[PDB]
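So the structure is just underneath, and the comments pick up after that.
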Amino acid sequence: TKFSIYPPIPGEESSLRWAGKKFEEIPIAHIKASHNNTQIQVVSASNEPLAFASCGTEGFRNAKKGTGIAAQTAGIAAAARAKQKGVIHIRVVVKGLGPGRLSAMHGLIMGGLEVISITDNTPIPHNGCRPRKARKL
Amino acid sequence: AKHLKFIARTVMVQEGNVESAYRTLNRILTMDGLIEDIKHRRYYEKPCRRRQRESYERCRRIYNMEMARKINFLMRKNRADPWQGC
Amino acid sequence: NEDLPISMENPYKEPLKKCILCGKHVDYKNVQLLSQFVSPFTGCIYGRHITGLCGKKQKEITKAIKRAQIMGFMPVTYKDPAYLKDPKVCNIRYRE
Amino acid sequence: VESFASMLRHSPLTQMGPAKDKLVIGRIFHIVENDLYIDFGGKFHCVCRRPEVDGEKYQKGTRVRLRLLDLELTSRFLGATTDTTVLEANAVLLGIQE
Amino acid sequence: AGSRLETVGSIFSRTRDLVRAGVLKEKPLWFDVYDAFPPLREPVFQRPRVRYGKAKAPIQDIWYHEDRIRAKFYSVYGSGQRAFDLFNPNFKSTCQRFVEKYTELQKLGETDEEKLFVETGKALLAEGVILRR
RNA sequence: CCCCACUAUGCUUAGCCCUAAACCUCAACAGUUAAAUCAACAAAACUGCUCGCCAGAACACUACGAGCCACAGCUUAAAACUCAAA
Ligand code: FES
Ligand SMILES: [K+]
Ligand SMILES: [Mg+2]
Ligand SMILES: [Mg+2]
Ligand SMILES: [Mg+2]
Ligand SMILES: [Mg+2]
Ligand SMILES: [Mg+2]
């Protein structure tokens, strides 16, 4: 059967299973990659928070938060605290284009969780709020 | 917000190749213009500057395609000289 | 002299090229057709350099897509998964 | 006496009409390594690559079958009042004339 | 020596004026030949002009009646599988034979374009020329 | 100038104010591509007809007068002295 990049539809039945569970039952790792900090929160399919870790909660301070190593450490900590609640497979939802966008997932993988899908949900307004002025540096 | 989740901007991983899935998602977001839109929306671009930039890119593209067409058209003559010596 | 050339419109003039939707009606309720010109992952409307449509039909498709989206017929942020297996008419590849 | 108008009207080139996708017979008159210069009766010759199949058979004076695409390759470029010409025809080499 | 103003008059006019003015002692070797057998146009320099507005070149497109028939043939039966031999001054293509038969039928019958086409096809098939639509 | 916070203001309604590199820096209509095309550059060169405007620089998007829902405002807009330039 040809592999499909497109996620399974909850309505249409599919044979894809991960440890006996369907796609819409897998826990979700929400990564927020800001410019100066990265946040990782693992939740269940029913939105029950299982684990949380950020670069600031792992001791990094000021500009050290906005680095790849800090995001990797936060991902490792979140993966550990989630594995302590029975999480193996996760669906990744990344938000933002910060330096920890990929390092957080690297940490999550290195912590023992298996990624089955990657989703981007960065806020893209269709021209809503007016952004701030450009810096004159 | 009011849409179904895990349908938009979503890529499934094949055989545990997470890096490949991420690079494919990056290609998709860049091709659909989402990445440049996000990067441009960080600060406000004035309407006059936006119009100038759009005109500049349009004319740049037109000129580049025309020059490429000219070079490809004149590339046919670049072969071994058939009348060497004379 | 009978062999002299005669004034005449070009008989070998090839028929002028047509877009795939020429002569067909674009309706906002035909979500299946309108879904063939949007990105599967973001729902963004493809430009004419990708769709290959003429300006008139490009405008028609754009207006129909916006009308269907605002009237509760078409999703905005993604292509409806039911139309993911329809014929591909857009010149775009994600190597996916 | 036959006038020029009659000659043009009854010329094979005139009778051929449009030159696109027309099968013609050409003759090899010059060879430069694997480049074959073929005259098919037009104003310009066409330069073809020696086929990988029975390439040895393609020698000077050989009769070949061609599919004409353009009698002369020209193109007007940006900022030019006159077309730029390569002084060659465009054709595809099909094979040798049995 | 003569004047080098190639943009004023022609070589003949300049040489003639300089000879009559006494600047040139003797006429050049070509002057008498030019005077006896002049060209159709005096070779005077002119700057080519780009056309604008409704000004158009007077060059006409070369068309014949049979071209229509040819077009329809090339649109119906397509390009003949037989190849053209442009080196032969009297080459006859399948389309040319179709044209000749069409004209003979027109001169020996009525004028109905579709009927002429169909009957011409029947006649060519009767003669034994393959014609795949 | 960089970071944070927050006003007038950007928004709607009813009135004002009447200014912009308000520029394609090309006045409106009609016509021509023939002449040496043509100072230069910009944006190929011209013709007919009409309205508006301009006659060295600066003084001066100024002073005075007049008009204006404008009162540190807008339109129109000089002169004296000075210079051989601009
Ligand atoms: S080409 Fe005719 S409607 Fe698009
Ligand atoms: K301007
Ligand atoms: Mg403006
Ligand atoms: Mg006026
Ligand atoms: Mg006026
Ligand atoms: Mg003055
Ligand atoms: Mg004033």
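A note on names: the letters A, B, ... follow the listed sequences, proteins ahead of strands, and every chain is numbered from 1. Note that these values count all heavy atoms, side chains included, but never hydrogens, waters or copies made by symmetry.
- Consecutive bases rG15(F) and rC16(F) are counted as stacked, their six-membered rings lying with centres under 5.5 Å apart and planes tilted under 30°.
- When both distances must be under 3.5 Å, the Watson-Crick or G-U wobble mate of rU75(F) is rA66(F).
- For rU9(F), the OP1/OP2 oxygens have no side-chain nitrogen or oxygen of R130(A) closer than 4.0 Å.
- Summarising the base pairing, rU25(F) is matched to no nucleotide, lacking a Watson-Crick or G-U wobble pair whose two defining distances lie under 3.5 Å.
- Proximity of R132(A) to the phosphate of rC4(F): a side-chain N or O atom is located under 4.0 Å from OP1 or OP2.
- Of the candidate nucleotides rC2(F), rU33(F), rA36(F), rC2(F) has the atom nearest to the side chain of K136(A).
- Between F41(C) and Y78(C), the distance from one ring center to the other does not fall under 6.0 angstrom.
- Bases of consecutive nucleotides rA66(F) and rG67(F) are stacked, their six-membered rings being centred less than 5.5 Å apart at a plane angle below 30°.
- Here the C1' atom of nucleotide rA5(F) and the NZ atom of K133(A) are 14 Å apart, to the nearest Å.
- A positive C1'-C2'-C3'-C4' dihedral is found for the sugar of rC53(F), placing it in the north range.
- Taking atom NZ of residue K46(B) and atom P of nucleotide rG10(F), one finds them 16 Å apart after rounding to whole Å.
- Between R9(D) and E66(E), the closest side-chain pair of non-hydrogen atoms falls below 4.5 Å.
- Nucleotides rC46(F) and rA35(F) are separated by 10 Å at their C1' atoms, to the nearest Å.
- For the atom pair CD1 of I118(A) and CD of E19(B), the computed distance is 8.0 Å after rounding to the nearest 0.5 Å.
- Taking the six-membered ring where the residue is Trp, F77(D) and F73(B) present perpendicular rings, their angle passing 60° and hence far from 30°.
- A salt bridge does not link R61(B) to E57(B): none of the charged side-chain nitrogens sits closer than 4.0 Å to a carboxylate oxygen.
- As rounded to whole Å, 11 Å separates atom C1' of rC1(F) from atom CZ of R135(A).
- In this structure, NZ of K56(E) is placed 16 Å from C1' of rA34(F), rounded to the nearest angstrom.
- Side chain of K22(D) to backbone of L68(D): no donor-acceptor contact under 3.5 angstrom is found.
- A sub-4.0 Å separation between OP1 or OP2 of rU33(F) and a side-chain N or O of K54(E) is absent.
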Sequence-aligned protein contact record of nucleotides 40-49 of chain F, with B where the base is within under 4.0 Å of a protein heavy atom and S where only the sugar-phosphate is: ----B-----
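- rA86(F) and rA30(F) have their P atoms separated by 46 Å, with the value rounded to a whole Å.
- A donor-acceptor pair is defined here as one N or O able to donate and one able to accept, closer than 3.5 Å; no such pair exists between the side chain of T57(A) and the backbone of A53(A).
- Here the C1' atom of nucleotide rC4(F) and the CG atom of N36(A) are 14 Å apart, to the nearest Å.
- The phosphate of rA35(F) has neither OP1 nor OP2 within less than 4.0 Å of any side-chain N or O from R47(E).
- Neighbouring nucleotides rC69(F) and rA70(F) do not stack on each other, since their six-membered rings fail either the 5.5 Å centre distance or the 30° plane angle limit.
- Across all strands shown, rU37(F) forms no Watson-Crick or G-U wobble pair with both distances under 3.5 Å.
- Taking atom P in both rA45(F) and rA27(F), one finds a spacing of 14 Å when rounded to whole Å.
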